[PDB]
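Notes follow once the structure below has been shown.
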RNA sequence: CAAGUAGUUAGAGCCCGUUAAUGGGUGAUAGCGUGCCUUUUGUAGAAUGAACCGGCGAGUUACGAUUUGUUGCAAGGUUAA
RNA sequence: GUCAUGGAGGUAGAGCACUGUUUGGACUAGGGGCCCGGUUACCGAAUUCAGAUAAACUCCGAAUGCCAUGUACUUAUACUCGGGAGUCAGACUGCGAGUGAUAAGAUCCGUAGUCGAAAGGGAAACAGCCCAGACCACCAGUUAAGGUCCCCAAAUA
RNA sequence: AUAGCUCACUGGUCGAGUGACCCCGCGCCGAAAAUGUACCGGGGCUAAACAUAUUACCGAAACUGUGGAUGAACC
RNA sequence: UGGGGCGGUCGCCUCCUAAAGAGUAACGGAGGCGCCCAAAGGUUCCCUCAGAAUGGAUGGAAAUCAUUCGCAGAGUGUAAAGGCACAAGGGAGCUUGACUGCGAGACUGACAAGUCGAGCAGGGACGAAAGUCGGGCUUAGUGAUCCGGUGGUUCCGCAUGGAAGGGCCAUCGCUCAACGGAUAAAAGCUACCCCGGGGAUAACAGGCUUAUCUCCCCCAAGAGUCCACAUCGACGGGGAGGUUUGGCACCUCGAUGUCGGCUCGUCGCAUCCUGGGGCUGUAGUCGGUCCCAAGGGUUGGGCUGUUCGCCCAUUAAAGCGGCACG
RNA sequence: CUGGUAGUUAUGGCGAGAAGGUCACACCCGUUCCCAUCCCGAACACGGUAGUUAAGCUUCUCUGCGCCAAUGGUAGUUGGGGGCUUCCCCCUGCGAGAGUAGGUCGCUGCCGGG
Ligand SMILES: [Mg+2]
Ligand SMILES: [Mg+2]
Ligand SMILES: [Mg+2]
Ligand SMILES: [Mg+2]
Ligand SMILES: [Mg+2]
Ligand SMILES: [Mg+2]
Ligand SMILES: [Mg+2]
Ligand SMILES: [Mg+2]
Ligand SMILES: [Mg+2]
Ligand SMILES: [Mg+2]
Ligand SMILES: [Mg+2]
Ligand SMILES: [Mg+2]
Ligand SMILES: [Mg+2]
Ligand SMILES: [Mg+2]
Ligand SMILES: [Mg+2]
Ligand SMILES: [Mg+2]
Ligand SMILES: [Mg+2]
Ligand SMILES: [Mg+2]
Ligand SMILES: [Mg+2]
Ligand SMILES: [Mg+2]
Ligand SMILES: [Mg+2]
Ligand SMILES: [Mg+2]
Ligand SMILES: [Mg+2]
Ligand SMILES: [Mg+2]
Ligand SMILES: [Mg+2]
Ligand SMILES: [Mg+2]
Ligand SMILES: [Mg+2]
Ligand SMILES: [Mg+2]
Ligand SMILES: [Mg+2]
Ligand SMILES: [Mg+2]
Ligand SMILES: [Mg+2]
Ligand SMILES: [Mg+2]
Ligand SMILES: [Mg+2]
Ligand SMILES: [Mg+2]
Ligand SMILES: [Mg+2]
Ligand SMILES: [Mg+2]
Ligand SMILES: [Mg+2]
Ligand SMILES: [Mg+2]
Ligand SMILES: [Mg+2]
Ligand SMILES: [Mg+2]
Ligand SMILES: [Mg+2]
Ligand SMILES: [Mg+2]
Ligand SMILES: [Mg+2]
Ligand SMILES: [Mg+2]
Ligand SMILES: [Mg+2]
Ligand SMILES: [Mg+2]
Ligand SMILES: [Mg+2]
Ligand SMILES: [Mg+2]
Ligand SMILES: [Mg+2]
Ligand SMILES: [Mg+2]
Ligand SMILES: [Mg+2]
Ligand SMILES: [Mg+2]
Ligand SMILES: [Mg+2]
Ligand SMILES: [Mg+2]
Ligand SMILES: [Mg+2]
Ligand SMILES: [Mg+2]
Ligand SMILES: [Mg+2]
Ligand SMILES: [Mg+2]
Ligand SMILES: [Mg+2]
Ligand SMILES: [Mg+2]
Ligand SMILES: [Mg+2]
Ligand SMILES: [Mg+2]
Ligand SMILES: [Mg+2]
Ligand SMILES: [Mg+2]
Ligand SMILES: [Mg+2]
Ligand SMILES: [Mg+2]
Ligand SMILES: [Mg+2]
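Chains as they are written, first to last, in the authors' numbering: chain Y, 17 to 92; chain O, 1 to 134; chain 2, 3 to 58.
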């Protein structure tokens with residue numbers, strides 16, 4: 017009876033900083049499997065595909081061509 | 001009786017029947033229709049009975065269209081069984097029909113026999129209906 | 003200027019309702035305040051328009 | 001001739017006279033009103049306890065720790081046997 | 001709290017562009033027969049025309065909710081350190097789902113309210129429904145839900 | 001079966017409306033249980049029911065009026 | 001744990017539920033893990049899949065070549081999701097960064113733990129250079145402390161010199177899988193049972209529900225020699241009742257006595273008899289079916305604890321149900 | 001006018017038709033040399049200009065495929081209020097998907113030659 021019943025635990029993926037927020041260097045901006053958001057300017061892609069800020073600045077969620085997105089950090 | 005040849009998943013949610021019919025509100029193939037006025041589940045047994053009654057009256061003249069199919073399956077539990085310990089075993093197939101949906105069409109027969117055949121069929125279904133033209 | 007009177011009770015109302023009324027400056031029932039005619043004030047009023055009476 | 005957790009609010013009639021003040025006793029009639037405790041999501045509860053009255057009957061002391069208040073001295077303070 | 005601005009996120013809805021399920025028509029490459037390879041409809045895979053369906057489908061996609069910026073207008077908290085707790089049996093009602101039989105005053109989650117810990121007025125009586133929050137005194141007034149023939153205050157409007 | 005009635009139809013009397021069909025509002029039947037009317041609280045109601053519109057009044061420990069008590073914040 | 005037992009499960013990963021941020025339960029719906037690779041890792045250079053159509057064959061539908069169409073219909077060690085054709089997919093050359101000491105700042109989070117990380121120093125691999133490299137397209141592939149074993153060590157060493165023994169760094173020994181692990185070490189019967197509690201939780205009865213059950217209807221193919229509706233009525237559809245088998249766990253565990261029979265009844269009508277009627281496939285006698293009707297009536301025995309049921313002999317008849325199965 | 005090199009969601013792509021040139025760029029000719037093919041000077045690399053715009057390229061025309069895209073209405077829905085509650089209705093604000101009017105055979109920057 018009930019051969020099911022197992023599930024993993026949630027990994028708290030998503031966006032950790034908002035557009036237009038001042039951000040300190042080295043802080044995570046988006047946790048995600050694969051590449052839903054590409055790294056833009058002054059951000060880098062981590063080992064498990066997270067995006068982090070490589071310098072202090074203001075977060076900007078921008079758009080590449082038709083069906084892709086990217087996030088970048090601009091010094092004030 | 002109409003039953004799907006294969007299913008990806010054996011068990012399914014029951015769903016709901018809010019709102020008007022998404023599509024099929026207008027008769028397209030034949031020139032007489034049997035339109036649902038309210039929402040209800042239609043099983044394949046009722047569809048078979050209605051089709052048999054509709055066809056027998058016309059003396060197998062004209063043509064019949066069935067505009068619904070029992071995609072969804074429903075489960076049930078035996079008597080004397082408590083709540084819990086999994087889901088039941090599937091028993092039948094249903095087609096959730098929303099109001100405004102046309103589910104039967106007839107062509108090739110005059111007014112009188114078409115109207116009477118639709119009236120005969122409508123008494124086998126658990127949903128209030130009405131007869132429409134094209 | 004415009005006049006705000008709280009005519010309905012707050013018992014049974016969701017939290018945003020109460021927070022908006024409490025931010026408008028209204029206390030007990032049948033209480034009156036006088037504000038200005040900003041877009042922000044009217045934005046508050048349209049949210050709790052069923053609890054309040056507006057006058058100039 | 002009356003359907004009552006026994007009271008409370010309104011109230012005539014009759015009888016009194018105080019720590020003297022918009023006083024005392026009883027109350028025809030009218031409105032409203034399902035005891036106390038415990039345990040519970042929830043008890044008038046057809047869940048528990050108590051017949052009634054009286055006496056007795058449950059967070060204390062010693063030695064350590066920590067924090068607040070007060071007093072003395074202050075880069076010092078303080079003795080134990 | 002609201003306003004203006006900028007974002008991330010695929011629900012409701014819709015749609016068939018992928019994946020499953022599926023109806024009618026033409027052609028079906030064929031299989032089996034009636035046969036002398038034809039007749040094929042007894043089934044016909046691919047293609048195409050049209051019409052449907054989906055919690056574990058998506059070419060699309062809201063309302064709300066969420067994260068920020070502000071110098072905008074209101075409004076009174078928020079945070080850190082330390083002393084003291086109690087709580088870890090919840091209930092029903094509205095809405096969104098699962099299990100159940102689209103049963104239960106059922107069970108298990110999300111969201112709001114009330115009870116719990118809340119008296120007062122209305123539902124005859126009535127924890128959870130509607131109105132509304134009791135500092136005390138008054139033989140004063142205006143209203144809420146609900147009402148105005150008699151019990152029973154107010155329209156035989 | 002032939003029978004009896006009689007249809008389609010015609011000829012007359014007659015003198016003005018007569019047919020089906022669709023939609024909406026309110027009603028009727030379908031309608032059965034155990035102590036006693038017992039599925040308006042009662043009496044009772046043909047409005048004292050229902051629909052739309054209007055105006056008065058009643059109605060809470062709510063809000064106000066008068067007099068007292070008290071907590072916090074700030075002067 | 002929709003009472004306990006029997007059955008199943010206990011830690012980790014992926015999807016739906018999950019209500020467009022994160023999170024979110026059920027003995028809800030589906031699957032995987034307790035590894036593998038010395039290249040299936042690093043770097044430099046290069047290129048592109050599945051399938052179909054035609055051409056010939058040993059060889060056929062499918063083996064290997066040739067031309068065309070071909071946005072991914074392939075592949076990506078392995079389950080699913082997210083992603084990837086500027087490859088993260090496929091070949092070749094050289095190699096071991098599958099490095100040592102670290103780490104501003106963040107995510108997750110009760111704690112213990114878990115995750116990402118620019119950049120700094122030492123010393124390298126590939127590359128002309130820019131530059132990339134602290135394992136694998138990304139997320140599972142793993143368990144604390146205590147105690148022992150092995151290697152190293154400008155640490156201590158109970159009068160002094162040594163030693164025994166310890167400390168520090170690196171690493172090994174768990175299906176401690178009941179996977180935050182009670183111990184180095186552990187199964188059953190109780191009807192002879194006892195104490196503390198609970199209506200937080202079951203057996204009877206009540207309550208809610210009505211799947212099932214009893215009863216009543218709708219449509220009408222048909223049977224009835226013809227004739228759907230005298231009488232039955234298939235395939236389907238709609239309700240009432242609260243007598244059955246169930247579901248739930250709301251009152252009762254500081255006690256609400258259980259089946260059958262006896263005594264005594266009372267109520268409902270869905271009427272067994274008697275009374276009054278309509279239709280008949282009602283000649284008469286006898287019947288069938290429906291309608292009004294609760295006034296009275298409704299047997300004695302054999303078998304079984306039996307309710308029930310079968311049987312014997314009667315009768316106008318030998319009704320069905322409720323009342324804590326009165 | 002052309003060659004080279006960037007930005008911009010295809011309004012920029014795909015397809016069909018026409019024209020032009022060794023000034024540039026191409027196709028082209030050859031393998032001694034640097035270099036290369038699991039074989040092949042096909043490609044990569046090197047060395048030259050006999051021939052030709054047939055192809056790339058460049059320019060010009062289109063709506064055939066594709067892509068973009070209104071207005072109006074509708075579905076849905078935050079807040080408030082009611083029913084006969086598998087669900088439905090009313091008021092206010094927001095407001096899609098499909099369909100369509102229509103647009104599109106690109107638009108900008110720098111360098112060198114002509
Ligand atoms: Mg997960
Ligand atoms: Mg990596
Ligand atoms: Mg890794
Ligand atoms: Mg009397
Ligand atoms: Mg008397
Ligand atoms: Mg007195
Ligand atoms: Mg409590
Ligand atoms: Mg209880
Ligand atoms: Mg009593
Ligand atoms: Mg007790
Ligand atoms: Mg007692
Ligand atoms: Mg103590
Ligand atoms: Mg001091
Ligand atoms: Mg949908
Ligand atoms: Mg504190
Ligand atoms: Mg807990
Ligand atoms: Mg709990
Ligand atoms: Mg709860
Ligand atoms: Mg549901
Ligand atoms: Mg419920
Ligand atoms: Mg409950
Ligand atoms: Mg409260
Ligand atoms: Mg109250
Ligand atoms: Mg009350
Ligand atoms: Mg009531
Ligand atoms: Mg009352
Ligand atoms: Mg108060
Ligand atoms: Mg008044
Ligand atoms: Mg009676
Ligand atoms: Mg007050
Ligand atoms: Mg005062
Ligand atoms: Mg979410
Ligand atoms: Mg959400
Ligand atoms: Mg398993
Ligand atoms: Mg690989
Ligand atoms: Mg590769
Ligand atoms: Mg680094
Ligand atoms: Mg170095
Ligand atoms: Mg280095
Ligand atoms: Mg070198
Ligand atoms: Mg130990
Ligand atoms: Mg020594
Ligand atoms: Mg296992
Ligand atoms: Mg854990
Ligand atoms: Mg030992
Ligand atoms: Mg005991
Ligand atoms: Mg209970
Ligand atoms: Mg038992
Ligand atoms: Mg018992
Ligand atoms: Mg029971
Ligand atoms: Mg009882
Ligand atoms: Mg029922
Ligand atoms: Mg017949
Ligand atoms: Mg039947
Ligand atoms: Mg029962
Ligand atoms: Mg419960
Ligand atoms: Mg008991
Ligand atoms: Mg007792
Ligand atoms: Mg009767
Ligand atoms: Mg009779
Ligand atoms: Mg008779
Ligand atoms: Mg009787
Ligand atoms: Mg004998
Ligand atoms: Mg009886
Ligand atoms: Mg009894
Ligand atoms: Mg009994
Ligand atoms: Mg649009």
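All C-beta atoms, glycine included, are put in the ideal place defined by N, C-alpha and C.
(message) Please identify, using Cβ separations under 9 Å, the residues of the segment 83-115 of chain O that lie next to chain Y, in order along the chain.
(response) 84, 85, 86, 87
(message) Three or more C-beta pairs under 8 Å: does that hold for the segment 89-99 of chain O against the segment 24-43 of chain O?
(response) yes
(request) Have a look at the DSSP bridge pairing and note the partners of residue 129 (chain O). (result) 36 (chain O)
(message) In whole angstroms, give me the CA-to-CA distance for residue 9 (chain O) and residue 50 (chain Y).
(response) 28 Å
(request) For residue 33 (chain O), count neighbouring C-beta atoms within 10 Å of its own C-beta (all shown protein chains included) and say buried if the count is 16 or more, exposed if not. (result) buried
(message) Our contact map puts residue 71 (chain Y) next to residue 47 (chain Y) with C-beta atoms below 8 Å; I'd like the distance itself, whole angstroms only.
(response) That belief does not hold up - the Cβ atoms of residue 71 (chain Y) and residue 47 (chain Y) are roughly 20 Å apart, past 8 Å.
(message) I want to see whether chain O comes within less than 8 Å of residue 17 (chain Y), judged by CB atoms only; does it?
(response) yes
(message) Looking only at its chain, what residues have a beta carbon closer than 6 Å to the beta carbon of residue 40 (chain 2), apart from the 5 residues adjacent to it on each side?
(response) none
(message) So, with DSSP's three-state summary, where would you put residue 75 (chain O)?
(response) strand
(message) Can you look up residue 43 (chain O) in the DSSP assignment and give me helix, strand or coil?
(response) strand
(request) Answer yes if the segment 60-75 of chain O comes into contact with the segment 21-37 of chain 2, meaning at least three C-beta pairs across the two stretches below 8 Å, and no otherwise. (result) no
(request) Using three-state DSSP, classify residue 42 (chain Y) as helix, strand or coil. (result) coil
(request) Could I get the ranges of all uninterrupted beta strand (DSSP E) runs contained in the segment 83-130 of chain O, with 3 residues as the minimum, in chain order? (result) 89-97, 102-107
(message) As a quick exercise: from 58 (chain 2), 16 (chain 2), 9 (chain 2), 4 (chain 2), pick the residue whose alpha carbon is nearest that of residue 33 (chain 2).
(response) 9 (chain 2)
(request) Kindly give me the distance between the Cβ atoms of residue 85 (chain Y) and residue 53 (chain Y), rounded to whole angstroms, as I take these residues to be in contact under 8 Å. (result) 5 Å
(message) Can you tell me whether residue 29 (chain Y) is buried or exposed? The criterion is at least 16 other CB atoms within 10 Å of its CB, across all chains shown.
(response) exposed
(request) Can you tell me which of 29 (chain O), 125 (chain O), 130 (chain O) puts its alpha carbon nearest to the alpha carbon of residue 95 (chain O)? (result) 125 (chain O)
(request) Give the single residue among 64 (chain O), 57 (chain O), 54 (chain O) whose Cα lies nearest to the Cα of residue 28 (chain O). (result) 64 (chain O)
(request) Rounded to whole angstroms, what's the CA-CA distance from residue 19 (chain O) to residue 25 (chain O)? Just pull it up for me. (result) 13 Å
(message) Going by beta-carbon coordinates alone, are residue 66 (chain O) and residue 79 (chain O) separated by less than 8 Å?
(response) no
(message) So the candidates are 46 (chain 2), 38 (chain 2), 31 (chain 2); which of them puts its Cα closest to the Cα of residue 25 (chain 2)?
(response) 46 (chain 2)
(message) Which residues does DSSP list as the beta-bridge partners of residue 4 (chain 2)?
(response) 37 (chain 2)
(request) Measure the C-alpha to C-alpha separation of residue 3 (chain O) and residue 122 (chain O) and round it to an integer number of angstroms. (result) 22 Å
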